[PDB]
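Heads up, the thing below is written out as structure tokens.
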Amino acid sequence: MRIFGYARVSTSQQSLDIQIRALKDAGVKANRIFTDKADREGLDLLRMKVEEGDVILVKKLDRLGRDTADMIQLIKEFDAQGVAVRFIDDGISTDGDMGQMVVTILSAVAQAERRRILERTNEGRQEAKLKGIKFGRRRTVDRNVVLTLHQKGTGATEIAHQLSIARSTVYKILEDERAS
Amino acid sequence: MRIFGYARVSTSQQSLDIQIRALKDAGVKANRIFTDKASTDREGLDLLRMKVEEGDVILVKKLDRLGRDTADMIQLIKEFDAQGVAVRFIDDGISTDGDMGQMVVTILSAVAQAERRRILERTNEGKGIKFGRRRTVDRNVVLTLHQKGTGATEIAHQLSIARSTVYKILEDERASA
DNA sequence: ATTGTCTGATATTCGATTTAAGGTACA
DNA sequence: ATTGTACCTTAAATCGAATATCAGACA
């Protein structure tokens with residue numbers, strides 16, 4: 001249950017001190033803190049060090065990933081590992097009770113805004129399906145060859161060898177056309 | 001206590017009705033449903049803004065269907081939570097009310113002000129999903145050759161690319177500089 | 001016979017989803 | 001050693017927007 005902390009800036013040194021000053025004042029040992037500037041290298045170091053159960057403190061969200069997406073990415077990566085993160089100024093934890101409440105949500109957000117880019121695409125799809133464009137893989141096996149052989153009384157396992165397809169395929173093909 | 005719903009697309013009617021049909025199955029009366037499509041014609045979402053009253057609640061199928069981006073989306077919710085208006089998303093199972101309802105708005109207020117603060121970082125100096133064909137051509141190779149005085153067509157035959165590509169590769173590196 | 005410049009056609013590439021076929025497991 | 005049957009994994013293929021390369025035309 002080690003206590004680690006992270007800060008980042010783009011340029012400024014001074015704001016990098018205020019973060020570290022806040023973090024030590026949070027009972028973070030000096031050797032437990034990592035930083036970055038404009039070179040993500042220290043973050044990577046942190047990715048390495050952390051073991052399950054360890055917890056990391058950050059000033060604000062904006063100091064974590066380079067953007068709203070990356071930020072979520074990293075947290076997800078850390079709760080994958082059973083790590084927990086706690087933000088100070090905004091007062092938030094990926095552990096405890098809200099621990100699940102928290103990451104339930106940052107998931108939806110990312111995946112939402114992802115879905116928003118594709119908004120046009122995935123919609124152009126719904127319309128295509130409407131039109132009756134066929135989806136999925138294209139049928140590579142002759143459904144007439146198979147139905148004929150089984151009409152004659154030829155068996156599954158043989159038809160399987162004959163056409164060099166799987167057997168379970170042949171119980172599938174018959175199921176489909178005997179349904180329709 | 002009233003129940004409303006909102007639905008939003010770009011063009012498709014079909015992906016809209018999918019949302020409407022799912023909002024009627026969620027028990028929203030037909031007149032209580034508003035829509036939009038892309039100009040920024042937000043008319044539906046505005047009309048809604050007007051009609052809700054404290055305690056009334058709005059249903060949206062998925063988060064992506066509220067704002068034009070992550071900001072617009074959060075901006076709107078705070079605005080509703082300010083009125084005692086609650087928003088509930090079906091398919092993601094999230095609400096601004098009930099128990100975790102506060103814990104929901106509390107954090108969303110963090111990212112806005114987190115990313116408001118990111119917008120201010122970029123601004124002073126100046127999509128995330130990669131798309132499109134990968135570069136199969138080494139650029140370093142084309143740069144050095146033309147730098148040495150190798151003509152356009154000599155490089156194109158050397159690396160089995162088209163000449164016209166040779167010029168694209170040059171124009172790109174030139175604007176970057 | 002090549003050189004610049006430009007426009008148009010091909011060719012991939014994404015994410016979430018939708019079907020086709022392969023493969024195991026069991027009675 | 002085969003037969004049904006039920007699920008679980010892969011394997012292509014879907015849309016439109018985005019990016020790269022190709023293939024020529026014209027001066």
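Letters for chains follow the order of the structure tokens (A, B, ...), residue numbers begin at 1 for each chain, and ligand numbers begin at 1 in the order shown.
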Enumerate, as JSON, numbers by chain, the complete set of residues in chain B that a backbone-based DSSP assignment places in alpha helix (DSSP H). {"B": [14, 15, 16, 17, 18, 19, 20, 21, 22, 23, 24, 43, 44, 45, 46, 47, 48, 49, 50, 51, 70, 71, 72, 73, 74, 75, 76, 77, 78, 79, 80, 81, 82, 101, 102, 103, 104, 105, 106, 107, 108, 109, 110, 111, 112, 113, 114, 115, 116, 117, 118, 119, 120, 121, 122, 123, 124, 125, 139, 140, 141, 142, 143, 144, 145, 146, 147, 152, 153, 154, 155, 156, 157, 158, 163, 164, 165, 166, 167, 168, 169, 170, 171, 172, 173, 174, 175, 176]}
Check: which chain A residues lie within 10 Å of chain C using only C-alpha atoms (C1' of nucleotides), as a count of residues only: 22
Could you work out which residues of chain D fall inside 9 Å of chain A? Count only C-alpha atoms (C1' of nucleotides), and format the result as number ranges by chain. D: 2-5, 11-17
Would you save the residues of that selection, restricted to C-alpha atoms (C1' of nucleotides), as a PDB file, in the first residue's frame?
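What follows is the written file selection.pdb:
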ATOM      1  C1'  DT D   2     -21.226 -41.297 -36.033  1.00  0.00           C
ATOM      2  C1'  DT D   3     -25.262 -38.420 -34.595  1.00  0.00           C
ATOM      3  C1'  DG D   4     -27.639 -34.155 -32.865  1.00  0.00           C
ATOM      4  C1'  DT D   5     -27.275 -30.038 -30.255  1.00  0.00           C
ATOM      5  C1'  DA D  11     -12.991 -14.678 -39.798  1.00  0.00           C
ATOM      6  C1'  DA D  12     -14.567 -11.631 -42.911  1.00  0.00           C
ATOM      7  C1'  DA D  13     -17.380  -7.617 -44.168  1.00  0.00           C
ATOM      8  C1'  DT D  14     -20.768  -3.428 -43.045  1.00  0.00           C
ATOM      9  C1'  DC D  15     -21.201   1.940 -43.172  1.00  0.00           C
ATOM     10  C1'  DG D  16     -18.858   7.055 -44.123  1.00  0.00           C
ATOM     11  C1'  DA D  17     -14.929  10.043 -43.001  1.00  0.00           C
TER      12       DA D  17
END
Dump as JSON lines the rows for residues of chain D within 6 Å of chain B: closest atom pair and distance in Å with one decimal, only C-alpha atoms (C1' of nucleotides) counted, ordered by chain and rising residue number.
{"residue": "D:18", "atom": "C1'", "partner": "B:132", "partner_atom": "CA", "distance": 5.3}
{"residue": "D:19", "atom": "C1'", "partner": "B:132", "partner_atom": "CA", "distance": 4.1}
{"residue": "D:20", "atom": "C1'", "partner": "B:133", "partner_atom": "CA", "distance": 5.4}
Running DSSP on the backbone, which parts of range 18-91 of chain A land in strand (DSSP E or B), as a list in words? residues 33, 34, 55, 56, 57, 58, 84, 85, 86 and 87 of chain A
The selected residues should be written to file as a PDB file, in the first residue's frame (atoms: N, CA, C and O atoms).
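Output file result.pdb is given in full below:
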ATOM      1  N   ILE A  33       7.462  10.486  -5.702  1.00  0.00           N
ATOM      2  CA  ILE A  33       6.811  11.398  -6.658  1.00  0.00           C
ATOM      3  C   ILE A  33       7.506  11.419  -8.043  1.00  0.00           C
ATOM      4  O   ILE A  33       8.737  11.339  -8.136  1.00  0.00           O
ATOM      5  N   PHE A  34       6.702  11.526  -9.109  1.00  0.00           N
ATOM      6  CA  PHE A  34       7.200  11.570 -10.495  1.00  0.00           C
ATOM      7  C   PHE A  34       6.604  12.772 -11.220  1.00  0.00           C
ATOM      8  O   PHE A  34       5.561  13.286 -10.822  1.00  0.00           O
ATOM      9  N   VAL A  55      -1.531   3.242  -4.385  1.00  0.00           N
ATOM     10  CA  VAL A  55      -2.408   4.380  -4.679  1.00  0.00           C
ATOM     11  C   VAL A  55      -1.604   5.639  -5.057  1.00  0.00           C
ATOM     12  O   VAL A  55      -0.598   5.975  -4.423  1.00  0.00           O
ATOM     13  N   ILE A  56      -2.090   6.343  -6.081  1.00  0.00           N
ATOM     14  CA  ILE A  56      -1.421   7.528  -6.624  1.00  0.00           C
ATOM     15  C   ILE A  56      -2.258   8.812  -6.443  1.00  0.00           C
ATOM     16  O   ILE A  56      -3.458   8.826  -6.730  1.00  0.00           O
ATOM     17  N   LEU A  57      -1.618   9.892  -5.997  1.00  0.00           N
ATOM     18  CA  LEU A  57      -2.306  11.169  -5.794  1.00  0.00           C
ATOM     19  C   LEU A  57      -1.923  12.182  -6.877  1.00  0.00           C
ATOM     20  O   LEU A  57      -0.743  12.323  -7.220  1.00  0.00           O
ATOM     21  N   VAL A  58      -2.927  12.886  -7.404  1.00  0.00           N
ATOM     22  CA  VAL A  58      -2.711  13.962  -8.381  1.00  0.00           C
ATOM     23  C   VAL A  58      -3.497  15.211  -7.968  1.00  0.00           C
ATOM     24  O   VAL A  58      -4.592  15.106  -7.406  1.00  0.00           O
ATOM     25  N   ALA A  84      -5.484   2.176  -7.567  1.00  0.00           N
ATOM     26  CA  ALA A  84      -6.492   3.206  -7.370  1.00  0.00           C
ATOM     27  C   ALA A  84      -5.839   4.592  -7.485  1.00  0.00           C
ATOM     28  O   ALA A  84      -4.667   4.752  -7.129  1.00  0.00           O
ATOM     29  N   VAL A  85      -6.579   5.576  -8.006  1.00  0.00           N
ATOM     30  CA  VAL A  85      -6.095   6.960  -8.088  1.00  0.00           C
ATOM     31  C   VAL A  85      -7.009   7.885  -7.282  1.00  0.00           C
ATOM     32  O   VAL A  85      -8.224   7.676  -7.203  1.00  0.00           O
ATOM     33  N   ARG A  86      -6.409   8.920  -6.701  1.00  0.00           N
ATOM     34  CA  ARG A  86      -7.149   9.899  -5.923  1.00  0.00           C
ATOM     35  C   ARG A  86      -6.716  11.307  -6.322  1.00  0.00           C
ATOM     36  O   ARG A  86      -5.532  11.651  -6.241  1.00  0.00           O
ATOM     37  N   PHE A  87      -7.681  12.112  -6.758  1.00  0.00           N
ATOM     38  CA  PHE A  87      -7.422  13.502  -7.117  1.00  0.00           C
ATOM     39  C   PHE A  87      -7.741  14.418  -5.939  1.00  0.00           C
ATOM     40  O   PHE A  87      -8.760  14.248  -5.264  1.00  0.00           O
TER      41      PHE A  87
END
Here is a test: counting only C-alpha atoms (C1' of nucleotides), which residue of B:41, B:154, B:54, B:81 is nearest to chain C?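 Nearest candidate to chain C out of B:41, B:154, B:54, B:81: B:154.
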In Å, with one decimal, what is the gap from CA of residue 15 in chain B to CA of residue 180 in chain A? 28.6 Å
Interatomic distance (Å, one decimal) between CA of residue 7 in chain A and CA of residue 60 in chain A: 8.8 Å
Wanna dump the chain B-chain A contacts at 10 Å for me, each residue with its shortest atom pair and the distance in Å to one decimal, counting only C-alpha atoms, ordered by chain and number, as CSV?
residue,atom,partner,partner_atom,distance
B:9,CA,A:119,CA,7.6
B:10,CA,A:120,CA,6.6
B:11,CA,A:120,CA,7.8
B:12,CA,A:123,CA,6.3
B:13,CA,A:127,CA,8.4
B:14,CA,A:127,CA,6.5
B:15,CA,A:123,CA,6.2
B:16,CA,A:123,CA,9.3
B:18,CA,A:126,CA,9.7
B:62,CA,A:112,CA,7.7
B:63,CA,A:112,CA,6.0
B:64,CA,A:112,CA,4.7
B:65,CA,A:116,CA,8.0
B:66,CA,A:112,CA,9.9
B:67,CA,A:116,CA,9.3
B:68,CA,A:116,CA,7.9
B:69,CA,A:113,CA,6.8
B:70,CA,A:113,CA,6.5
B:73,CA,A:113,CA,9.9
B:92,CA,A:108,CA,7.2
B:93,CA,A:105,CA,9.8
B:94,CA,A:105,CA,8.2
B:100,CA,A:101,CA,7.5
B:103,CA,A:98,CA,7.8
B:104,CA,A:105,CA,7.9
B:106,CA,A:90,CA,8.9
B:107,CA,A:92,CA,7.6
B:108,CA,A:106,CA,9.1
B:109,CA,A:90,CA,9.0
B:110,CA,A:90,CA,6.3
B:111,CA,A:61,CA,7.0
B:112,CA,A:68,CA,9.4
B:113,CA,A:62,CA,8.4
B:114,CA,A:62,CA,4.7
B:115,CA,A:62,CA,6.3
B:116,CA,A:62,CA,8.8
B:117,CA,A:62,CA,6.6
B:118,CA,A:62,CA,6.2
B:119,CA,A:67,CA,9.4
B:121,CA,A:10,CA,7.7
B:122,CA,A:10,CA,9.2
B:125,CA,A:10,CA,9.5
B:127,CA,A:117,CA,8.0
B:128,CA,A:69,CA,7.8
B:129,CA,A:114,CA,8.1
Can you measure CA of residue 78 in chain B to CA of residue 95 in chain B for me? One decimal in Å is fine.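 These atoms are spaced 12.6 Å apart.
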